[PDB]
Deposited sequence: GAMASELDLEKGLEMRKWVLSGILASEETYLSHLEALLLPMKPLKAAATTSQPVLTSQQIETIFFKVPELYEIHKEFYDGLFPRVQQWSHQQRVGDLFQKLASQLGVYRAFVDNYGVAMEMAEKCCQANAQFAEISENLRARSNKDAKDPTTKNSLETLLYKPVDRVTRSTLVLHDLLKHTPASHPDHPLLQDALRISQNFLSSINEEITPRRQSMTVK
């Protein structure tokens, strides 16, 4: 950590790991999103699988989560491909932390969404089949919960290799503070 040249390499490695983790997370979000299209199509016909209300309850904020993480991933990727002491990533993490309101809504609704989805998988024929081959549904619904709980861990892991002389340091420290406050509020 005291050798800033090694620290630069370690910081790139952590950022590369964050990219890989976001790729995996975006795939899980896509897996949840894909059945929404036929479900919303059938909901407005005389042969609905789930009602629009049940769809909105189960899949609440999943598109919004996908959008903010796609923005973060797409912003971070080119910076890691052009890595140097000059490179700055802090604004991307501040932007994601500014969007934690999406997670607050999702987490507040998670228990209802989980129950609603468990009911239908235990009783509804076509939806139980949908939840069986999601690129389960309840497993994927926990991914946003499990992940944001680890947000301060990854930020600390990145800060460990960011020197106080680098202008990303105050931005990452502030994103960590805001994320800690969010976890405390939950």
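- If you line the structure up with the deposited chain, the stretches without a C-alpha atom are 1-5, 141-154, 206-219.
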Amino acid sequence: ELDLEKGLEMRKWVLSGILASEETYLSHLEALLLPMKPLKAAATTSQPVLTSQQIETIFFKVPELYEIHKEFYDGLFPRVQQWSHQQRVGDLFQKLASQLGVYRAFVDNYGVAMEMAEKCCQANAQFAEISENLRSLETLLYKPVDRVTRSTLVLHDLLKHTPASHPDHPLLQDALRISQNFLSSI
From here on, numbers count along this sequence of modelled residues.
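- When 125-133 is weighed against 34-42, 125-133 comes out higher, by mean CA B-factor as recorded in the entry.
- Averaged over CA atoms, B-factors in the entry run higher in 102-110 than in the other of 77-85 and 102-110.
- Based on the entry's C-alpha B-factors, the most elevated value among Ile58, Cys120, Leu158, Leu26 belongs to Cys120.
- Remark: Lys143 belongs to the highest third of its chain, ranked by C-alpha B-factor as recorded.
- When all modelled residues of the chain are sorted by CA temperature factor, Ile68 is found within the lowest third.
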